[PDB]
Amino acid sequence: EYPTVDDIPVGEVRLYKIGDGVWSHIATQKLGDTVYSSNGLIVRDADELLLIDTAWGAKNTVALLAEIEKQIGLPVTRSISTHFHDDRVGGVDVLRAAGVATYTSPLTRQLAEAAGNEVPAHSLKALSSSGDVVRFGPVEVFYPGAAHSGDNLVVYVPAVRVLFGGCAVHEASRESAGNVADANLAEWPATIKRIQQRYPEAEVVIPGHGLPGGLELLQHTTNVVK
């Protein structure tokens, strides 16, 4: 039942309920001969929605907003991108066109600018140091340190113990680190331990790509990395 590249019809976006007021969103991009999927999060707050990550590009992000309006019918008012790559900020301008207030850390804004990627309009302050946390509506945003990228953030929904790990966390089936061109492989183990120590009660851990699991994906990630 978790959506995969084998069942999301081409160009569509799917939502998947994780817990009370929490969905993941799943989108695809074909690169060469391989279709990839990518996850983000949607979190209800009162009568609005907080979006975590774009659906990887403008076309997909249009489809994401349509799917949200069809299935949930509440307005996305704010977003947070969890690092500077296209599966996180690609489609920010779509969000901005729709009236969404787009956020991310100052460093992610800088790296996104440097990469020629789309740039969220607003900075989350108080995230510049490893171990910094901030509250944001119904979530916590945590900067655990460098890993998949120098700026990677994780998002926790404390009411229902759902941790969205983004690409700092690998799915269970993944056994190679993947794209390390922006990664800090030396730091990535410490970064994972910081996540483990901060969110010991998490019930679900959602990787940036692939199937949800539990806290076991964190050590799995360290194992893949080292």
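In this text, residue numbers run from 1 along the sequence as written.
The stretch with the higher mean CA B factor, choosing between 28-36 and 44-52, is 28-36. A summary of the deposited B-factors shows that, of 103-111 and 70-78, the stretch with the larger mean C-alpha value is 70-78. Sorting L153, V133, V139, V92 by the CA temperature factor given in the entry leaves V133 at the top. As recorded in the PDB entry, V10 shows the highest C-alpha B-factor of the residues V10, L15, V22, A202. When the modelled residues of the chain are ordered by their C-alpha B factor, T61 lands in the lowest third. In the deposited entry, the Cα temperature factor of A126 places it in the highest third of its chain's modelled residues. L163: CA B factor in the lowest third of modelled residues in this chain (values from the PDB entry).
The PDB entry assigns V157 a C-alpha temperature factor belonging to the lowest third of its chain's modelled residues.
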